[PDB]
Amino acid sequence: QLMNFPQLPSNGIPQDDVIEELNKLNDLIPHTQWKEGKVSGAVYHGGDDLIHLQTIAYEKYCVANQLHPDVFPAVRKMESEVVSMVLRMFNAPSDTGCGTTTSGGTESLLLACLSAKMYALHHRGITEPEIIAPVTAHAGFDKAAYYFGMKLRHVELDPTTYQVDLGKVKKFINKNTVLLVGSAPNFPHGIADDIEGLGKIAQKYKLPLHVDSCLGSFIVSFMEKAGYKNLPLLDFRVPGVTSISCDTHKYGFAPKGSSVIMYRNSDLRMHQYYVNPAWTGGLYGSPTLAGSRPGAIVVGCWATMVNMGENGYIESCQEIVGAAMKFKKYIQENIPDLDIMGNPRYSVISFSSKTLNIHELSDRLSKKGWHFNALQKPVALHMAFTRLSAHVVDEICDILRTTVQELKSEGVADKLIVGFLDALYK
């Protein structure tokens, strides 16, 4: 049995008695087997070898804190490089094309939102900021409206392609609209909204255009280098594109808790910064929303991108997307009871069904240890393909079986969410 600690021990336990417990924890208390590619997301690589790299890199820069460039210059140099490499993947202006680093993919979105808020509030003085984005967007956009007190307006989609209706959005352009969003790809259905034709509308109403490539990251960019044709534009080559998010801790396989927000020029990110010279403790200047920052993490991110190179994320994209498509084809050819959502061109595959109760089906799967992300409006579920789940041949026959087992069988919910949040500390 493993020992728990309601409070600090009388005497500190040796390092040896610790790692033993660090293993007792992994070995004992059961969990979802991500190592066996049974989770849609969470772990995106899992390679014992890769982990070891970012582990020793962690050790080298364990104390690193981006708050102090004068003390940790190498970390500064490695960030300027990371952002630089990511900028080239999305073909940002080699001239004014700047960028910045963030923690989670969520912080990246909030910084693009704060950028537009304090921008339109500087060139238009909008006292009532208003952000508009697809319903298929990410909760990261729904947070910004809550925190910054902005007005978030959801826009419905095209029932056929499941993309975004570029017409309904026009009906929402106001004197308060500060930015328009285009998830590419979105989290729910993994389908890139019309971006190539969205960099034209942005130019019309002089509004900032943000692309939520947090999920796409190192897949969408390499779709072209992987040898895939008929692919829209999802980046700065689209003149109407302002900012672009990208999670390196996702499909970059970088240490969890590392993403990047990009811009077309510096005067934009200027509005995402915080400046307070008046402060007595000195004169703060957070490039992001955080004070002290985990230097090691970004270093581990820098090391993976080099160890992988441009050739790595190709053999990565080809593999991941390769499986996602094989998956899609199998649930079309076989498993006739399922319905693909739109035309997933990438590594994320979504689907639904009116013949079966998808809600119960999900439970039938989770009971077998396989966890698909449960969706709503419409009620569905998907599988974000990772290197681990890239061993798909198994869970294709698995889902068919489960579907075979299905057909062979004759109020304010706001208060509930808070409950399982408090339950994370007992």
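Quick note: we count residues from 1 along the sequence shown, nothing fancier.
The deposited sequence places 10 or more unmodelled residues between residue 410 and residue 411. Per-stretch averaging of Cα B factors for 192-200 and 330-338 places 192-200 on top. If you average the C-alpha B-factors over 69-77 and over 182-190, the higher value belongs to 182-190. Take 115, 265, 243, 176 and read off each C-alpha B-factor from the entry; 176 has the highest. Looking at 103, 352, 163, 91, the one whose CA carries the top B-factor in the deposited record is 91. Sort the chain's modelled residues by C-alpha temperature factor and residue 137 lands in the middle third, per the entry.
Annotation for residue 403: C-alpha temperature factor in the lowest third relative to the rest of the modelled chain, per the entry. Per the PDB record, residue ranking by Cα B-factor puts residue 22 in the lowest third of the chain. In the deposited entry, the Cα temperature factor of residue 257 sits in the middle third of values across the chain's modelled residues. In this PDB entry, the Cα temperature factor of residue 2 sits in the top third of its chain's modelled residues, the highest group.
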